[PDB]
Structures are given as structure tokens and as C-alpha cells.
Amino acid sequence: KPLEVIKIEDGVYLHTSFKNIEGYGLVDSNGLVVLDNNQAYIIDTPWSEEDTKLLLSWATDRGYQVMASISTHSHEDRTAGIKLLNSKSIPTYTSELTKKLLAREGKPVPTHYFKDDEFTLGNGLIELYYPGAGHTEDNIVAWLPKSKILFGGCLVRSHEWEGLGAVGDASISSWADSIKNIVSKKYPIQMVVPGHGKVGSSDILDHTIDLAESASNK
């Protein structure tokens, strides 16, 4: 099934892509579009180039100018659309580490990157933070101060999951500490958006800590 885009706050839209795995069935994958007047910013690409094309069309058919994307780690469900955005001369961003992981794997790289543990896209609109390793070594989160939405990406687990998911690239014994670093930011979080699953409240962070500590102890 094709990309879905739904409004979740003023100037903030959830975009969701779908993929099938034989045996299990459909899995969903989330990113955001954030609007600033008529400027649009993409937080994580859709899971495929085709779905990325649909997202770009969503924006441009509304008269929005897509200013940039940021991807929150190197995996395909965050970065599949980087190549397409590059081809359209739309600035693409990741952390330095994410960029160099992509380069090492021979994948398309973003045209821009940031070096610090903190950075902003859209001149303050979107605050990025690297809290430490968890789902992957490079996962970052995004804080949207106006809508009070924390985009946790795949570092956070929604309530519908009772496991950490794909952990081949994970640092399980570091994961709880990394969530605690997010909590220490003292963001006035009203909503947390996971990379997979339904939007929830700040208790998603507590749930993720539980899952990480349980897995660590095994």
C-alpha cells in the first residue's frame, strides 16, 4: 500500500510507508514533514524511492518548497529517498557518523552533515540531538519546540511492541542510558513519534527503557 500522510499538529504531518515481510505481514515506518510558512522539512525519508516521490508530490502539489531532509540513522527506512532528493538538488542532511556509515556501505550519501551532538534544521525549527547508541550506534532524535513533539525514530519503541525489534546493529547495554539522556534534556514533551508504530506520549520513553533493561539483563 502507498504512502499515507496525515496532519498530527499545526504544521506537522506524519508520513507512513509500508513494507511486507513474508511470515509476519505488514510493517509501518514513520517520518515527519514540518512546515514553516511555505517551507517544508522532511524528517526521515519514506522506506522506498517510490514513496519518497509521493512525499515530494504531496509537498509540491500544496505549493510547499522542500528545503531539506534530515535522516536519523543510516538504515534504509530512514534514508531510502536520499538518492532521489539529491537528484532534485534538495539538500540532504545526516550526522557526520551517519554520513560516514553510508559512505562505508557504498550507499548514497547526504550532501550536508553536522558534527556536534546538537544541530538544528530550519534555523531553529527542528532541534537534533545525539543521545548515544541504542537501536544503532548513530541514532539521533528530533525535537520540535513549537508542536512539542519528540521524534524518537527507531531508538524508541511504541506500546504495541514488546521487544526492541531489529538489534543486529544495536548497543543493547547502552540503550537505556541513551533514553535517559533524552529525558535529561527536559523537553516539555507532549507527543513522541516512533519510527514504527503509533504516536504516543512521553511514556514511550519509559517503555523503551523497560525493554532495553530487560534485554540487557538477559
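One-based numbering along the sequence shown.
The deposited model assigns a higher average Cα B-factor to 57-65 than to the other stretch when 57-65 and 150-158 are compared. As recorded in the PDB entry, 207-215 is the stretch of 207-215 and 4-12 with the greater mean C-alpha temperature factor. The maximum CA B-factor among the listed residues 77, 117, 138, 96, taken from the PDB record, is found at 117.
Of the candidates 170, 32, 192, 183, the one whose C-alpha carries the top B factor in the deposited record is 183. For residue 26, the recorded CA B-factor ranks within the highest third of the chain. Only modelled residues enter the ranking. Among the modelled residues of its chain, residue 107 has a C-alpha B-factor that falls in the highest third according to the deposited record. Among all modelled residues in this chain, the alpha-carbon of residue 50 has a temperature factor (C-alpha) in the highest third.
For residue 71, the recorded CA B-factor ranks within the lowest third of the chain. Only modelled residues enter the ranking. The PDB entry assigns residue 166 a C-alpha temperature factor belonging to the highest third of its chain's modelled residues.
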